[PDB]
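Every number here is computed from the coordinates shown, using simple stated rules; none is lab data. A quick note on method: Cβ atoms are made from the backbone with ideal geometry, for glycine too, and the neighbour counts reach across all protein chains shown.
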Amino acid sequence: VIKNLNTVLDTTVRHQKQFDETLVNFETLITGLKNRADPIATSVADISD
Amino acid sequence: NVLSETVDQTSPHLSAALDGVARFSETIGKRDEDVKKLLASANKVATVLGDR
């Protein structure tokens, strides 16, 4: 457990800046999509139909 | 007298406790550098998680 967890954690630390930025970017994207979810879902259904 | 009777009562249950504590303590004692590096990396990752 110690060995594998240390391996994964140092792997994440090597990309610490990107791992920190991606949470913010993903939250921004998901919020922007949720604020228009109903038009987006309606548009997807209309495209399929 | 209190110390004498306490040692007389807790003696039979001490060897197993000492053995188990020694084994479990050595489990982390023989991996000190690994544990410390794990704690540092976990500090970085948990700080990133908590800040976001």
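Taking the condition of being in a helix (DSSP H, G or I) and either within 15 Å of residue A:9 (Cβ to Cβ) or of a type outside the set (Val, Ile, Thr) (or both), how many residues in the stretch B:1-25 meet it?
Adding up the residues that qualify gives 16.
Before we move on, is residue A:24 closer than 21 Å to residue B:37 by Cα and at the interface with chain B (Cβ under 9 Å from one of its Cβ atoms)?
no
Of everything in the stretch B:26-52 that's within 7 Å of another protein chain (Cβ to nearest Cβ) and assigned to a loop (DSSP other than H, G, I, E, B), which residue is surrounded by the most Cβ atoms within 10 Å (Cβ to Cβ)?
Per the criteria, the residue is B:31.
Search the stretch A:1-30 for residues that are of a type in the set (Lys, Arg) and pair each with any residue that is not in a helix (DSSP H, G or I) when their beta-carbon atoms are under 9 Å apart and the residues are at least 6 apart or on different chains.
Once the first residue is of a type in the set (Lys, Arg) and sits in the stretch A:1-30, its partners that are not in a helix (DSSP H, G or I) give A:3/B:31.
In the list B:52, B:31, which residue meets the criterion of being under 30 Å from residue A:19 (Cα atoms) and touching a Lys or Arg at 6+ places or on another chain (Cβ under 9 Å)?
B:31
Just to be sure, is residue B:2 out of contact with any helix residue (DSSP H, G or I) (no Cβ under 7 Å at 6 or more places or on another chain), of a type in the set (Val, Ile, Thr) and more than 27 Å from residue A:3 (Cβ to Cβ)?
yes
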